[PDB]
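Participant: Structure provided below as structure tokens; questions to follow.
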2 protein chains.
Amino acid sequence: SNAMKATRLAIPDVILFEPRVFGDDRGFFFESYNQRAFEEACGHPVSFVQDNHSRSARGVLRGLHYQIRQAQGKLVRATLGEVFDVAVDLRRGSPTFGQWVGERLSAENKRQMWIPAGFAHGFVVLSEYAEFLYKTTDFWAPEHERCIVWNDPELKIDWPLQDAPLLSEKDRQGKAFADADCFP
Amino acid sequence: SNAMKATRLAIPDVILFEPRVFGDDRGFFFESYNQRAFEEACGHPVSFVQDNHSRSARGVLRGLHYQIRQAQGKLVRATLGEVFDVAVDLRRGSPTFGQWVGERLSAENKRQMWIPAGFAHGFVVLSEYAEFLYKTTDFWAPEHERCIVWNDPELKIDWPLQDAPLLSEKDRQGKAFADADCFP
């Protein structure tokens, strides 16, 4: 809280974090995670069992991914370059079921998004390259991973792209939101 | 373990981790932390309450730091550039009390060091800039932070430097290892 600012997004359980920076670009220090500030913001204890690090080229779009079994919360940020990061609410009975929020996360702005279990997640690289880090509350389970296609016409996500994104074949084959199984 | 390799250093409780990379420099993914592989390696459960991110210029040397109260284990790695990272055993009765180990950690080699509670830690930046990330098991306590000076003649740490390092005044004033209070 002295370590950073937290802002609830339009889906209020999705939280945008922004660490306080001590120093400048010739030399700085910041807390990228503080369990006390985090658990204050989301309102419950959280354990992170797996951290991931990816590198992707401009226009690469990964998502929209979720797993129903071993449901994962994800705390995500960019340590190189810039992405547009999206969370989609897939929780049964949520008053924001089927809505999305998106934010630009970059190495410069140091912003982070907390995406609770029960959401789908995706991002697109806006810079020449982006390196993307995330802490997750359960282990990735490829046999349980589901996908909703990035350009679903009901979700109507406003991806800040001019050129068509670069997708894996699996993400190109993502389900329509109408057809997607969701969280109990 | 499929996620990465672990190597016990000359002080065997200091562990060098090296994640498996999927892909290449045009696009990759790796696990930077896996609780199952980590707890297998160090032999006990571990919770990380605080993550830090720093940026430092060539020749900057931070350390050698430890806190006796709120003793911290540190899992450290470099996401930009290259550092030489050092751990010094300060545990009462350790058969390696007063010994050190050091490793080059870089964004390219993706190596990490686990430095248990009871050790002092420092690093020097070898590249033009380095960004240094670490996960810690207790909160930083500036009122409890102790320092042993980097060039202590008993420790005889082989810093891979040609030019004199750039130190904060506090680190320049670090105690001699002979005079340092250590861990119960």
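Identifiers in the structure tokens: chain A, B, ... in order shown; residue index from 1 per chain; ligand index from 1 in order shown.
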Give as an NGL selection string every residue of chain A that touches chain B within 8 Å, counting only C-alpha atoms.

Facilitator: :A and (25-36 or 47 or 49-57 or 79)

Participant: Could you save the residues just selected, with N, CA, C and O atoms, as a CSV table (one decimal), in the first residue's frame?

Facilitator:
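Result file follows (part-v8.csv):
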chain,number,residue,atom,x,y,z
A,25,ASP,N,15.5,5.5,-13.9
A,25,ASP,CA,16.0,4.5,-14.9
A,25,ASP,C,17.5,4.2,-14.8
A,25,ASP,O,17.9,3.2,-15.3
A,26,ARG,N,18.3,5.1,-14.2
A,26,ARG,CA,19.7,4.8,-14.0
A,26,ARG,C,19.8,3.8,-12.8
A,26,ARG,O,20.9,3.2,-12.7
A,27,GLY,N,18.8,3.6,-12.0
A,27,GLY,CA,18.8,2.6,-10.9
A,27,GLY,C,17.6,2.7,-10.1
A,27,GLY,O,17.3,3.8,-9.5
A,28,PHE,N,16.8,1.7,-9.9
A,28,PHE,CA,15.6,1.7,-9.2
A,28,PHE,C,15.3,0.4,-8.4
A,28,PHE,O,16.0,-0.6,-8.7
A,29,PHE,N,14.3,0.5,-7.6
A,29,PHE,CA,13.9,-0.7,-6.8
A,29,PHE,C,12.4,-0.6,-6.6
A,29,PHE,O,11.9,0.5,-6.3
A,30,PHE,N,11.7,-1.7,-6.8
A,30,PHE,CA,10.2,-1.7,-6.4
A,30,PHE,C,9.9,-3.1,-6.0
A,30,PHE,O,10.5,-4.1,-6.3
A,31,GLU,N,8.8,-3.2,-5.2
A,31,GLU,CA,8.2,-4.4,-4.8
A,31,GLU,C,7.2,-4.8,-5.9
A,31,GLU,O,6.2,-4.1,-6.2
A,32,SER,N,7.4,-5.9,-6.6
A,32,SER,CA,6.4,-6.4,-7.6
A,32,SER,C,5.4,-7.3,-6.9
A,32,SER,O,4.3,-7.6,-7.5
A,33,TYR,N,5.6,-7.7,-5.7
A,33,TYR,CA,4.5,-8.5,-5.0
A,33,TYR,C,4.7,-8.3,-3.5
A,33,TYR,O,5.9,-8.4,-3.0
A,34,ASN,N,3.6,-8.1,-2.8
A,34,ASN,CA,3.6,-7.9,-1.3
A,34,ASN,C,2.4,-8.6,-0.8
A,34,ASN,O,1.3,-8.2,-1.1
A,35,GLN,N,2.6,-9.7,-0.1
A,35,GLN,CA,1.5,-10.6,0.3
A,35,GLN,C,0.5,-9.8,1.2
A,35,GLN,O,-0.8,-10.1,1.1
A,36,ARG,N,0.9,-8.9,2.0
A,36,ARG,CA,0.0,-8.1,2.8
A,36,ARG,C,-0.8,-7.2,2.0
A,36,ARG,O,-2.1,-7.2,2.2
A,47,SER,N,-1.9,-18.5,-2.2
A,47,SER,CA,-0.7,-19.1,-2.4
A,47,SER,C,-0.4,-19.3,-3.9
A,47,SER,O,-1.3,-19.7,-4.7
A,49,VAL,N,1.8,-21.2,-6.7
A,49,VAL,CA,2.6,-22.5,-6.8
A,49,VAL,C,3.4,-22.6,-8.0
A,49,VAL,O,4.2,-23.5,-8.1
A,50,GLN,N,3.3,-21.6,-8.9
A,50,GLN,CA,3.9,-21.7,-10.2
A,50,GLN,C,4.1,-20.3,-10.8
A,50,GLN,O,3.1,-19.6,-10.8
A,51,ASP,N,5.3,-20.0,-11.2
A,51,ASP,CA,5.6,-18.7,-11.9
A,51,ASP,C,6.0,-19.0,-13.3
A,51,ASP,O,6.9,-19.9,-13.5
A,52,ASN,N,5.5,-18.3,-14.3
A,52,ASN,CA,5.8,-18.5,-15.7
A,52,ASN,C,6.4,-17.2,-16.3
A,52,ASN,O,6.2,-16.1,-15.9
A,53,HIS,N,7.3,-17.4,-17.3
A,53,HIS,CA,8.0,-16.4,-18.0
A,53,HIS,C,7.9,-16.7,-19.5
A,53,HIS,O,8.4,-17.8,-19.9
A,54,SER,N,7.4,-15.8,-20.3
A,54,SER,CA,7.3,-16.0,-21.8
A,54,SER,C,7.9,-14.8,-22.5
A,54,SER,O,7.9,-13.7,-22.0
A,55,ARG,N,8.3,-15.1,-23.8
A,55,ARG,CA,8.8,-14.0,-24.7
A,55,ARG,C,8.0,-14.2,-26.0
A,55,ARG,O,7.9,-15.3,-26.5
A,56,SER,N,7.5,-13.1,-26.5
A,56,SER,CA,6.7,-13.2,-27.7
A,56,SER,C,6.9,-11.9,-28.6
A,56,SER,O,7.2,-10.9,-28.1
A,57,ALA,N,6.7,-12.1,-29.9
A,57,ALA,CA,7.0,-11.1,-30.9
A,57,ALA,C,5.7,-10.2,-31.1
A,57,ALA,O,4.6,-10.6,-30.7
A,79,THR,N,7.7,-7.4,-18.0
A,79,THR,CA,9.0,-6.9,-17.7
A,79,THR,C,9.8,-6.4,-18.9
A,79,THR,O,10.9,-5.9,-18.7

Participant: Among the residues of range 47-183 of chain A, find those DSSP assigns to helix (DSSP H, G or I) from the backbone and print them as an mmCIF file with C-alpha atoms, in the first residue's frame.

Facilitator:
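Writing the result to out-v9.cif gives the following:
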data_model
loop_
_atom_site.group_PDB
_atom_site.id
_atom_site.type_symbol
_atom_site.label_atom_id
_atom_site.label_comp_id
_atom_site.auth_asym_id
_atom_site.auth_seq_id
_atom_site.Cartn_x
_atom_site.Cartn_y
_atom_site.Cartn_z
ATOM 1 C CA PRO A 142 -2.751 -28.844 -20.531
ATOM 2 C CA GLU A 143 -5.333 -31.638 -20.518
ATOM 3 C CA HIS A 144 -7.787 -29.226 -18.851
ATOM 4 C CA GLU A 169 -3.460 -23.112 -34.300
ATOM 5 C CA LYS A 170 -5.144 -24.087 -31.015
ATOM 6 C CA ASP A 171 -6.005 -20.470 -30.237
ATOM 7 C CA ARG A 172 -7.186 -19.972 -33.815
ATOM 8 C CA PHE A 177 -18.167 -17.807 -26.207
ATOM 9 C CA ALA A 178 -21.698 -19.092 -26.882
ATOM 10 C CA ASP A 179 -20.352 -22.656 -26.891
#

Participant: Which residues, written as a list in words, have at least one atom at most 12 Å from residue 164 in chain B, with only C-alpha atoms counted and residues fewer than 6 positions away on the same chain left out?

Facilitator: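 Here the qualifying residues turn out to be residues 58, 59, 60, 61, 124, 125, 126, 150, 151 and 172 of chain B.
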
Participant: List the spatial neighbours of range 95-102 of chain B as a PyMOL selection string - criterion: any atom at most 9 Å away, only C-alpha atoms, same-chain residues fewer than 3 positions off excluded.

Facilitator: chain B and resi 9-11+14+84-92+123+154-159+177

Participant: Residues of the last selection are to be written out with N, CA, C and O atoms, as a compact mmCIF listing (two decimals), in the first residue's frame.

Facilitator:
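Written out: again-v8.txt:
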# COMPACT_ATOMS: atom_id res chain seq x y z
N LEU B 9 25.26 -26.44 -4.71
CA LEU B 9 26.57 -25.83 -4.82
C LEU B 9 27.49 -26.36 -3.71
O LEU B 9 27.12 -27.26 -2.94
N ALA B 10 28.70 -25.80 -3.65
CA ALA B 10 29.70 -26.28 -2.69
C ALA B 10 29.20 -26.17 -1.26
O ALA B 10 29.58 -26.98 -0.40
N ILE B 11 28.39 -25.16 -0.97
CA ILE B 11 27.57 -25.14 0.24
C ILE B 11 26.25 -25.78 -0.18
O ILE B 11 25.44 -25.14 -0.87
N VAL B 14 22.74 -24.18 -0.72
CA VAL B 14 22.57 -23.19 -1.77
C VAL B 14 22.35 -23.95 -3.08
O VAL B 14 23.16 -24.81 -3.45
N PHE B 84 26.93 -11.27 -11.12
CA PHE B 84 27.61 -12.30 -10.35
C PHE B 84 27.02 -12.26 -8.95
O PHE B 84 27.13 -11.25 -8.25
N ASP B 85 26.39 -13.37 -8.55
CA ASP B 85 25.58 -13.43 -7.34
C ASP B 85 26.28 -14.30 -6.30
O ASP B 85 26.74 -15.39 -6.62
N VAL B 86 26.32 -13.81 -5.05
CA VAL B 86 27.13 -14.42 -3.99
C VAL B 86 26.27 -14.69 -2.77
O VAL B 86 25.47 -13.84 -2.36
N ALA B 87 26.44 -15.87 -2.18
CA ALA B 87 25.83 -16.24 -0.91
C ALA B 87 26.92 -16.60 0.09
O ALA B 87 27.86 -17.33 -0.24
N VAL B 88 26.79 -16.11 1.33
CA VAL B 88 27.78 -16.33 2.39
C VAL B 88 27.07 -16.99 3.56
O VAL B 88 26.08 -16.45 4.08
N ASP B 89 27.57 -18.14 3.99
CA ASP B 89 26.98 -18.91 5.08
C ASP B 89 27.33 -18.30 6.43
O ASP B 89 28.51 -18.28 6.83
N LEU B 90 26.31 -17.84 7.17
CA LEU B 90 26.49 -17.22 8.47
C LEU B 90 25.73 -17.97 9.57
O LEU B 90 25.39 -17.39 10.60
N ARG B 91 25.47 -19.26 9.37
CA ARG B 91 24.71 -20.06 10.34
C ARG B 91 25.62 -20.62 11.43
O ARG B 91 26.65 -21.24 11.12
N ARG B 92 25.22 -20.43 12.68
CA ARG B 92 25.97 -20.94 13.83
C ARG B 92 26.15 -22.45 13.73
O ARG B 92 25.17 -23.18 13.56
N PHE B 123 25.35 -9.04 -4.97
CA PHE B 123 25.61 -9.25 -6.39
C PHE B 123 26.26 -8.01 -7.00
O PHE B 123 26.10 -6.90 -6.49
N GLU B 154 38.90 -11.75 4.76
CA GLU B 154 38.78 -13.13 5.20
C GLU B 154 37.87 -13.93 4.28
O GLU B 154 38.15 -15.09 3.96
N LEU B 155 36.76 -13.33 3.85
CA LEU B 155 35.88 -14.02 2.92
C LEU B 155 36.57 -14.27 1.59
O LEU B 155 36.40 -15.34 0.99
N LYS B 156 37.34 -13.29 1.11
CA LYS B 156 38.14 -13.42 -0.11
C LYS B 156 37.28 -13.79 -1.32
O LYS B 156 37.61 -14.70 -2.09
N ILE B 157 36.16 -13.09 -1.47
CA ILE B 157 35.24 -13.37 -2.58
C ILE B 157 35.89 -12.95 -3.89
O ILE B 157 36.45 -11.85 -4.01
N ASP B 158 35.82 -13.83 -4.89
CA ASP B 158 36.45 -13.59 -6.19
C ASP B 158 35.44 -12.90 -7.10
O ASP B 158 34.80 -13.52 -7.96
N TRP B 159 35.27 -11.60 -6.89
CA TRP B 159 34.35 -10.84 -7.72
C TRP B 159 34.95 -10.68 -9.12
O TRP B 159 36.09 -10.22 -9.24
N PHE B 177 33.82 -9.10 8.26
CA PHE B 177 33.26 -10.40 8.63
C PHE B 177 33.66 -10.78 10.05
O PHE B 177 32.85 -11.37 10.78

Participant: Expressed in Å to a single decimal, how great is the separation between CA of residue 119 in chain A and CA of residue 44 in chain A?

Facilitator: 17.2 Å

Participant: Extract the full set of strand (DSSP E) residues from chain B according to DSSP on the backbone, and format it as a PyMOL selection string.

Facilitator: chain B and resi 4-8+15-19+22-24+27-34+50-57+61-67+74-80+82-89+100-106+112-115+119-125+129-136+145-147

Participant: Would you mind reading off the distance between CA of residue 62 in chain A and CA of residue 175 in chain A, one decimal, in Å?

Facilitator: 14.0 Å

Participant: List the neighbours of residue 41 in chain A out to 12 Å using only C-alpha atoms; skip same-chain residues closer than 4 positions along the sequence, and give me the result as a PyMOL selection string.

Facilitator: chain A and resi 1+4-8+12-17+34-37+45-46+113-114+116

Participant: Take the selection from the previous step and output its residues with N, CA and C atoms, as a compact mmCIF listing (two decimals), in the first residue's frame.

Facilitator:
# COMPACT_ATOMS: atom_id res chain seq x y z
N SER A 1 0.83 -1.21 0.00
CA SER A 1 0.00 0.00 0.00
C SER A 1 0.87 1.26 0.00
N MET A 4 2.49 -0.14 -3.09
CA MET A 4 1.80 0.06 -4.35
C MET A 4 0.35 0.49 -4.24
N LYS A 5 -0.19 0.83 -5.40
CA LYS A 5 -1.57 1.25 -5.55
C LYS A 5 -2.36 0.09 -6.14
N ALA A 6 -3.61 -0.05 -5.71
CA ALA A 6 -4.52 -1.06 -6.24
C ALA A 6 -5.81 -0.38 -6.69
N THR A 7 -6.29 -0.75 -7.87
CA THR A 7 -7.48 -0.16 -8.48
C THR A 7 -8.38 -1.29 -8.96
N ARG A 8 -9.61 -1.33 -8.43
CA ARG A 8 -10.59 -2.30 -8.91
C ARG A 8 -11.11 -1.86 -10.28
N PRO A 12 -15.13 -5.69 -10.55
CA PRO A 12 -14.33 -5.22 -9.39
C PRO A 12 -13.41 -6.27 -8.79
N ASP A 13 -13.61 -7.56 -9.06
CA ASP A 13 -12.65 -8.54 -8.56
C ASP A 13 -11.37 -8.60 -9.39
N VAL A 14 -11.34 -7.97 -10.56
CA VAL A 14 -10.11 -7.83 -11.32
C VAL A 14 -9.42 -6.56 -10.82
N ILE A 15 -8.18 -6.70 -10.37
CA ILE A 15 -7.48 -5.62 -9.68
C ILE A 15 -6.25 -5.23 -10.48
N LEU A 16 -6.09 -3.93 -10.73
CA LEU A 16 -4.91 -3.38 -11.38
C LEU A 16 -3.97 -2.87 -10.29
N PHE A 17 -2.76 -3.43 -10.24
CA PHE A 17 -1.75 -3.02 -9.26
C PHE A 17 -0.68 -2.17 -9.93
N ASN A 34 3.63 -8.06 -2.77
CA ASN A 34 3.65 -7.93 -1.31
C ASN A 34 2.40 -8.63 -0.81
N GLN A 35 2.59 -9.73 -0.09
CA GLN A 35 1.47 -10.58 0.31
C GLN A 35 0.46 -9.82 1.16
N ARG A 36 0.94 -8.91 2.00
CA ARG A 36 0.03 -8.13 2.84
C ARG A 36 -0.84 -7.21 1.99
N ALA A 37 -0.23 -6.47 1.06
CA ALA A 37 -1.01 -5.59 0.21
C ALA A 37 -1.94 -6.39 -0.71
N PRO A 45 -6.57 -15.14 1.70
CA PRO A 45 -5.19 -15.62 1.51
C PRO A 45 -5.02 -16.24 0.14
N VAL A 46 -3.80 -16.13 -0.40
CA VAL A 46 -3.49 -16.68 -1.72
C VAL A 46 -2.09 -17.27 -1.70
N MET A 113 -2.02 -7.09 -13.45
CA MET A 113 -3.42 -7.45 -13.29
C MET A 113 -3.59 -8.75 -12.52
N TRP A 114 -4.47 -8.71 -11.52
CA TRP A 114 -4.90 -9.89 -10.80
C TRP A 114 -6.17 -10.40 -11.47
N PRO A 116 -8.76 -13.38 -11.12
CA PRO A 116 -9.14 -14.46 -10.21
C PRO A 116 -9.45 -15.75 -10.95
